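Chains as they are written, first to last, in the deposited numbering: chain A, 5 to 23, 27 to 68, 81 to 256; chain E, 5 to 23, 27 to 68, 81 to 256; chain D, 5 to 23, 27 to 68, 81 to 256; chain F, 5 to 23, 27 to 68, 81 to 256; chain B, 5 to 23, 27 to 68, 81 to 256; chain C, 5 to 23, 27 to 68, 81 to 256.
From the three backbone atoms N, C-alpha and C, an ideal C-beta is built for every residue, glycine too.
Below you can see the structure in the form of C-alpha cells.
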C-alpha cells in the first residue's frame, strides 16, 4: 500500500498512516481493501491505529451533470470510512499531536481512543465554508452531548487533551506518545485474550442499535452539500 | 378571494376553485387563510371541494444565494398543501374532467374522492424534467401500492376513471358530473349529523400515525430538487 | 368457561362464542386464559373461530382519581384483545350475519377471514359519541387502505359482503353459513399438515414487523379517551 | 456469464436467465456483476427481465463454528438480490409459466410485473420445513396486504394469474407468452423516452422511503434461520 | 414589545427579558414574533439571551368542552417555546441568579449555556402537582443522562452551578454576572465571523436528527395533562 | 418468599435480596410477583433495594427442539427484569461491595444508584464465552456513552467506585455502607412527600420515550444466543 503500513505480531496488527499525514485520493481508494484484508484472516484479533511523525493527521489535502459526479465521489468517500466503522475486529486509536478535520472524522469510527498531553482537536470545516459530510456530524452524537458538540461544530476552535478527557472524546490521557501507545497495546492484548466469536457477537449486537440514524444523516448531508457547497465564500478563503 | 369561492349552507361549506383552473402565485398565498377561516368557526362541520368549468385543474401555471431563495420558496408551497391535510374538518373532493400534476397533489390530501365517467388522471412531472416536490410522492404511498404508483410515476401516462376505481385512487364512479356532486353532498351531510367533537378526535388519532414519514420525505425532496432541477433538459421541452 | 365453547378434533380446535352474542365483563375477564390454554399443548395446530346463532356479535354490552381507574380498565380490555393477536397458533374466522363494533375489533386480529352472502359490517362507535379504543383503528390500517378506512370510520354506515370482499376485509365469500364454515375447516386442516416449528417461526418473523406502531397507537388512544370521553353528547343518545 | 444472456438494442437491454431454470451457486456468484455492468454505461435506460423455455424458474437447486459459515453464506445470498433491488435503472419482469420459491423472491424486487394466462405462483418454503430468508417476506408487504400474504405464506398453495392480478401481485395479464413480452417492451421504450436524470432521481426518492425496515427484517430472519433451520423435519421431506 | 428589549450592535443582537422576570400571557403572545423578526434580518448573525435584574426567571405566573379549550391553549405555549428552537440564527444564554420551572424549559432550547457562581436550578412542577408539559422533559433528555434527569424530575430539589457544570447542563462557570456576559458576547462574536450560509446549514443538518421524538413526546404529554391535571392536590398547595 | 425480604415503614418499603447473593431459579420465578404486590397497594410510595451481607451479588449461578426450549426460557428470564423496569413506583438502589454480571443487569433498571467507597463493578459475560442477553446491553446505553460502554463490554475488567462516579454509572459515592443506605432512605422519603399521581405520571411520560428500542434489542439478542451460544469455548472455561 502507498498510504499505510501494516505489521502483525502475537495476534495484534498495528496499522500506521504515512501519507503531515494528509489524506489524498490514495487514502480513499485504499482503506476498504486494507481493512477487508485484516478482518478476514483469523490470525488477527485486535488492531491498533496510530499516525506517523509528530502529529496524527491534518485533514484532507455549474449544471446538474457536473454535480451528479460530485455526488458520486462524496458517497464513495463516505463509504471509505463506513468500511472501518463496520469491521468486526475491535480497533484502538492512539492519538499524539494534532488531529484536524477529516482525522476527527476517522477517530469517531473506532471503539476506544487514547491520547497524550500534547494533543489538540478541532472540527474546522465551517472555517473553510464547508458543512462536513464524511461522518463527523453523523457519528459524534453518540460520543458527545448536545452543547459541547454544538460549540465545537459552530465555532471551529481548538481544544486540548484535558477538555477532551472531560467532555468524553477520549478515555485516558498520558504524559508522552510512548506511554499512550503502550497503554493501547496492553488493552488490545487484553481484548485478544478472549474468545473471538463472543467478541464479534458483542460487536454485532451493539452495532445493530445505530445503523439507520447514521445512514439517514449521511444521505441528507450528501444532498445538502451537492446543492449549496460551491459558492463565492469558498473562494474568499 | 381571488382564487376560490366559498358558500356555506346548513353546516356544509362548498369551496370551488376558479383559477383551466391553473394554480398560480395567488393560490399558494391564499389557501392557508381560506382553510384556517373555515376550520375555526363552529357553523361548518364538513367541506366539499370541486373545480369550476369542465375540468378540475391543469396543474401549475447559478450560485448558492439564488438556490437558497428557491429552497425557501419551495418550502412554502409545500406548507400551503400541508394546510389542507392538517385541518380537523373532513373534506370530500368531487372530480370532473381532467386532473394533471399539481391537482393530483391536491386530491391526495383530502379524506374521500369521488369521480365521474369522463375523468382523466396523470402525474406528468417526469415529462417536464422535474421530480415532483409538492406532496404527491410523499402522500400517494398510503393510497396506492408499489407497482401501480411506480408505473404511474415512471411512465407519465394518462389513466381513466375505471382504472382509478380499480387501483384505489377514487372511492366511487358515477355517470355524469352532477350525480357525483350530489353523492359528495349526501356523504358530507351524513358526516355532519354525528357529534362534532368525536369526529375531530378520530381525525387526530388517525393523523398521529403518519406525520413523521411525510415530513421526512418532504425535506429530502426539497434538498434534491435544489441541486438537480435546473438543467438543459428543462429548457429542451 | 361461561362465554365460549371449545372442542378439539384431529389437531384443530373449534372455538364458539355464546355470549346477540354481545360481550360483557366475562369476555374480558376470561379470554386470555382460553387462548393461553389453547396455544400451549401440542395437540392443537390451528384454530377456527365462529359465532353462535344467526349473527357473529353485536359489539359491547369527575376528578383524576375516578379517571385513573377508567384508564386501567381500558388498558386491561386492550390486553384481552391483544392476547389473540400474539399467539403462535394460526386462527381462521368464519363470519355469518352481523358484525358490529367490538366484533370488528376482534376479527382484525385473526390471520384469515371468510364470509357468507348475508353478512354486514360496521364501525359504529362514532354514532355513540365514542372514539374506538380497543384496537380497530390501530390494526385496520394494515388490512385496508386510507380512503376506505376513513369513510368507514367517519360515516358509521353498514356495508355488505360484496363490498367487504372488494376492499380487502375478507378473503372469500360463499353462499351460506355452512359453506363458509366448511371452507374455513378445509384451510385450517391444510395448515395443520405442515411442520409446526416452521409455521410458528413464520408467524414470529411476520409479527416482528408491526408491533411498535400498534402499541404506540393504543397508548395515545387510551390517553385521548380518558381526557375527552365523558360528555353530554354521550348521554344525548 | 454462465447463467444469463444479455442483449442491448436501442437503449433497452434484455436479460434472460438460462440456468428447469434452477438457481445454483453460479447465480449467487454472478448476479451482482451483471447489474453493476448494466447500470454503469449510459447506453442503457431500461431493462427487461424474462426467463428461458416454458417457465420462469423453479426456485433453488452442529456447533457454533459450523453455523457461522452458514450465516455468512446466507447474508451473501441476500446481497445478491439486494443488488437488483437497489439499481437506478428501471426493470420490467415478464412472467410466463411457473414461478416457484426463489423466483418469487426475485420478482418482488423489480418495478413492474406483467404476466400471461398460463402463469402459476407459490411460496413453497414452508412445505420444505424452511422459513424463507432471501427477501420474499421482507419485500412482499409493500406489494400485497396482510390477509393475502398470510394465506400465501402459511398454506404453501399455488395460485393462477387471475387471482394474482386481483390481489395486486401483477399489473396486467395477457393471452399468450408473446403478447406480454411485447407489452413489457412497449412500456420499457416509453420509460426510455423520458429524461434519464429525472428517472433516477424519482427512483432515489422512492427508495429512500423503505430501506431501513427491509434491512432490519433481513437481519432478524438470518439470525432465526441460523438457529432453527437444521432439524429432523427437514430430512423427513 | 412589552415583555423584552432588543438591541443590535455589530452583527449581534442582545435580547433581555423584563417580565421577578415571571412570564405571563404577554410572553406567550409575543415570543414567536421577536424571533421571527430577528431570524429574518441579514444584519444579525448571533443572539445573546439574558434576564433582567438579579435573577433569570421565576417560572410561570369539568366537561369535554372546557378540556378542549385547555388543550388548544397548551399547544400555543408549546409552539411559543418551539419557535426559539427552530430558528437558524445561533443563540447563547447567560444565566445569573435563579432559574425555576419554565425558565429551565426555555434554556433547554438554546445552543450554548453559560453560568456564574450564584446560580440555582430546579424543575419544580412536581411540587405543584403538575407534570411539566411545555418542553422540559421532551428536550432535556438530549442534554443530560438518565439518572441525573430522573433525580431532578422526581425530587424537585435545587442544585448549584458546580453540580450543573458537572452533569452537563452548562458549558462553563464564572465568578460574577459580568464575566459570564462578557464570555457569552465573546463566543457570539466568534460565531458571527464565519460564513452565514455554512452556519445555517450546519444548524439544519443537526436539527434534522431530533424533531420527530420531540414532537411525539409533546403530543403525548398534552393529552396526559388534559386528562389528569385538575384535581384536589392541585388546590391542596 | 425464599429469595428476598420485604419490610414497609412510613410509606417506604425496603427490599433485601438474600440469595454471595447468587441468583438462581427461585429468583426468576419470584421477582415479578414480589414487585407486583408492592406496586398495587397505596401504602407504598417508594422502594429501597439493597443486598445482604458484605456484597451486592455475584451474578447468576443439539437440534431445534432443545433450542426452542432454551429460547422460551431466555425470554422468561428477561421478563423478570422487565417487571422491575416497568413498575410505576420509584426505586433507589444502594450498592455495597461487589456487583458482577447479572447484578449489573439488575441495577441498570432502577431510577437512582448510590454507592460506597469499597464497591466494584464488572460485566464478565464475555469472559465466560457468553454474549449477555438478560438486559445489560439493551438498557445500559441510556446510562453510559459509547466509548466507556465498549471498553467495559469488550474487556471484561473491574472498575472501582470513583471511576463509576466519573463515567455516570452512579450518582453519589460515600465513605461506608451505612452512610449510603441512609442517603438512599433520605431521598426515598423526599420523593414520598410529593403527590402520588404526579410521580407516576412523570414516570409514565419518561418511559414512553424508550420502550421500543429495548424490546427490539432484546428480541435480537435472544435469537443470536439461541444460534451461537453452545460451543467448545463454553466448556473450555
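Continuous alpha helix (DSSP H) assignments of at least 4 residues falling wholly in the stretch 205 to 233 of chain A: 215 to 226
Taking any Cβ of chain D, which residues in the stretch 224 to 253 of chain E have a Cβ under 7 Å from it, in chain order? 224, 225, 227 and 228
For residue 216 of chain D, go through chain C and note every residue whose CB falls closer than 9 Å to its CB, in chain order. As a working note, residue 216 of chain D is residue 197 in the third chain. Within 9 Å Cβ-Cβ: 83, 84 and 87.
What does residue 209 of chain B touch in chain A if you count any residue whose Cβ is under 7 Å from its own? Within the fifth chain, the letter at position 190 stands for residue 209 of chain B. Ordered by position in chain A, the residues that pass the 7 Å Cβ test against residue 209 of chain B are 174.
N-terminal and C-terminal residue of the alpha helix (DSSP H) that residue 108 of chain A is part of: Position 89 of the first chain, counted from the start, is the residue given in the question as residue 108 of chain A. Run containing residue 108 of chain A: none; DSSP gives neither H nor E here.
Using a C-beta cutoff of 8 Å, does residue 148 of chain D count as contacting chain E? Within the third chain, the letter at position 129 stands for residue 148 of chain D. Answer yes: the Cβ-Cβ gap between residue 148 of chain D and chain E drops below 8 Å somewhere.
Just list the residues that DSSP pairs residue 140 of chain A with in beta bridges. One-based indexing of the first chain puts residue 140 of chain A at position 121. DSSP, once it has assigned bridges, lists A:118 and A:178 as partnering residue 140 of chain A.
Suppose you measure from the CA of residue 5 of chain B to the CA of residue 103 of chain B; what does that come to, to the nearest Å? Within the fifth chain, residue 5 of chain B is the residue found at index 1, counting from 1. Within the fifth chain, residue 103 of chain B is the residue found at index 84, counting from 1. Looking at the two C-alpha atoms, the distance is approximately 17 Å.
Which residues of chain F have a Cβ atom closer than 8 Å to the Cβ of residue 46 of chain D, listed in chain order? Looking up residue 46 of chain D in the third chain gives position 39. Those do not exist, as residue 46 of chain D stays about 16 Å from chain F at its closest Cβ, beyond 8 Å.
For a contact defined as C-beta to C-beta under 7 Å, what are the partners of residue 170 of chain A on chain B? Mapped onto the first chain, residue 170 of chain A falls at position 151. Under the 7 Å cutoff, chain B gives 131 and 190.
Counting only beta-carbon separations shorter than 8 Å, does residue 145 of chain D have a partner in chain F? As a working mapping, residue 145 of chain D is identified with position 126 in the third chain. Output row for residue 145 of chain D: interface = no.
For residue 120 of chain D, go through chain E and note every residue whose CB falls closer than 8 Å to its CB, in chain order. On the third chain, residue 120 of chain D is found 101 positions in, with the first residue counted as 1. Ordered by position in chain E, no residue passes the 8 Å Cβ test against residue 120 of chain D, which lies about 14 Å from the chain.
Would you report the Cα separation of residue 181 of chain C and residue 136 of chain C, rounded to the nearest angstrom? For the purposes of this step, residue 181 of chain C is identified with residue 162 of the sixth chain, where counting begins at 1. For the purposes of this step, residue 136 of chain C is identified with residue 117 of the sixth chain, where counting begins at 1. Answer to the nearest angstrom: the Cα atoms are 8 Å apart.
Can you name, in chain order, every residue of its own chain whose Cβ lies under 6 Å from the Cβ of residue 177 of chain F, other than the five neighbours on each side? Reading the fourth chain from its first residue, position 158 is the one you call residue 177 of chain F. Cβ within range, chain order: 139 and 141.
Could you check what DSSP says for residue 17 of chain E in three-state terms: helix, strand or coil? Stepping through the second chain from its first residue, residue 17 of chain E is reached at position 13. In this structure, residue 17 of chain E counts as strand in the three-state DSSP scheme.
Report yes or no: is there a C-beta of chain B within less than 8 Å of the C-beta of residue 51 of chain C? Counted from its first residue, the sixth chain places residue 51 of chain C at position 44. No, no contact with chain B.
Counting only beta-carbon atoms, is residue 166 of chain D nearer than 8 Å to chain E? The residue you call residue 166 of chain D lines up with position 147 of the third chain. Yes, because at least one Cβ of chain E sits closer than 8 Å to the Cβ of residue 166 of chain D.
Chain D beta carbons: is any one of them nearer than 8 Å to that of residue 156 of chain F? If you number the fourth chain from 1, residue 156 of chain F lands on position 137. Yes - at least one Cβ of chain D is within 8 Å of the one on residue 156 of chain F.
Proximity test, Cβ basis, 8 Å: residue 161 of chain A and chain C: The residue you call residue 161 of chain A lines up with position 142 of the first chain. Residue 161 of chain A counts as touching chain C.
Beta-carbon proximity check, residue 124 of chain F vs residue 155 of chain F, cutoff 8 Å: Mapped onto the fourth chain, residue 124 of chain F falls at position 105. Mapped onto the fourth chain, residue 155 of chain F falls at position 136. Yes. Within cutoff.
Cβ-based burial, residue 97 of chain B [other Cβ within 10 Å; buried from 16]: Mapped onto the fifth chain, residue 97 of chain B falls at position 78. Label assigned to residue 97 of chain B: buried.
Please classify residue 82 of chain A: does DSSP put it in a helix, a strand, or coil? Along the first chain, one-based indexing puts residue 82 of chain A at 63. Looking at residue 82 of chain A - three-state DSSP - the assignment turns out to be coil, as it is neither helix nor strand.
For residue 246 of chain E, which of A:83, A:192 and A:10 has the nearest alpha-carbon? As a working mapping, residue 246 of chain E is identified with position 227 in the second chain. The option with the nearest alpha carbon to residue 246 of chain E is A:83.
Using a Cβ-Cβ cut-off of 8 Å, state whether residue 142 of chain C counts as contacting chain B. Position 123 of the sixth chain holds residue 142 of chain C. With 8 Å as the cut-off, residue 142 of chain C does not count as an interface residue toward chain B.
Does the Cβ of residue 81 of chain B have 16 or more other Cβ atoms within 10 Å, making it buried, or fewer, making it exposed? Here residue 81 of chain B refers to the residue found at position 62 when the fifth chain is read from its first residue. The residue is exposed, with fewer than 16 neighbouring Cβ atoms inside 10 Å.
For residue 193 of chain A, does the three-state DSSP call read helix, strand or coil? Here residue 193 of chain A corresponds to residue number 174 of the first chain, with the count starting at 1. Three-state DSSP puts residue 193 of chain A in a strand.
8 Å is my cut-off, CB to CB: does residue 39 of chain B come that close to chain A? Within the fifth chain, numbered from 1, the residue matching residue 39 of chain B stands at position 32. No, residue 39 of chain B lies away from the interface with chain A (no Cβ there is under 8 Å from its Cβ).
Check the DSSP bridge columns for residue 149 of chain B and list the partner residues they point to. Position 130 of the fifth chain holds residue 149 of chain B. DSSP, once it has assigned bridges, lists no residue as partnering residue 149 of chain B.
Reducing DSSP to helix, strand and coil, say where residue 11 of chain A ends up. Translated into positions along the first chain, residue 11 of chain A becomes position 7. Note: residue 11 of chain A maps to strand in three-state DSSP.
Chain C partners of residue 109 of chain A, CB-CB under 9 Å? Counting from 1 along the first chain, the entry for residue 109 of chain A is found at position 90. Simply 169 and 173.
Start and end of the beta strand (DSSP E) containing residue 55 of chain D? As a working note, residue 55 of chain D is residue 48 in the third chain. Counting along the chain, the beta strand (DSSP E) containing residue 55 of chain D begins and ends at 53 to 58.
Please tell me whether residue 211 of chain C and residue 107 of chain C are closer than 8 Å, where the distance is taken between their beta carbons. Position 192 of the sixth chain holds residue 211 of chain C. Position 88 of the sixth chain holds residue 107 of chain C. No. Outside cutoff.
So, at 8 Å on beta carbons, what are the nonlocal neighbours of residue 100 of chain B in its own chain, with the 5 sequence-adjacent residues on each side left out? Reading the fifth chain from its first residue, position 81 is the one you call residue 100 of chain B. Same-chain partners within the cutoff: 38, 124, 125, 128, 153 and 154.
Where residue 130 of chain C falls, given that 16 or more other Cβ within 10 Å makes a residue buried: Within the sixth chain, residue 130 of chain C is the residue found at index 111, counting from 1. Buried, since its Cβ has 16 or more Cβ neighbours within 10 Å.
Determine the direct distance from the alpha carbon of residue 10 of chain E to that of residue 16 of chain E, and round the result to whole angstroms. Taking the first residue of the second chain as 1, we reach residue 16 of chain E at position 12. Taking the first residue of the second chain as 1, we reach residue 10 of chain E at position 6. Looking at the two C-alpha atoms, the distance is approximately 10 Å.
Closest Cβ-Cβ distance between residue 206 of chain F and chain E: below 8 Å? The residue labelled residue 206 of chain F in the question sits at position 187 within the fourth chain. Yes, because at least one Cβ of chain E sits closer than 8 Å to the Cβ of residue 206 of chain F.
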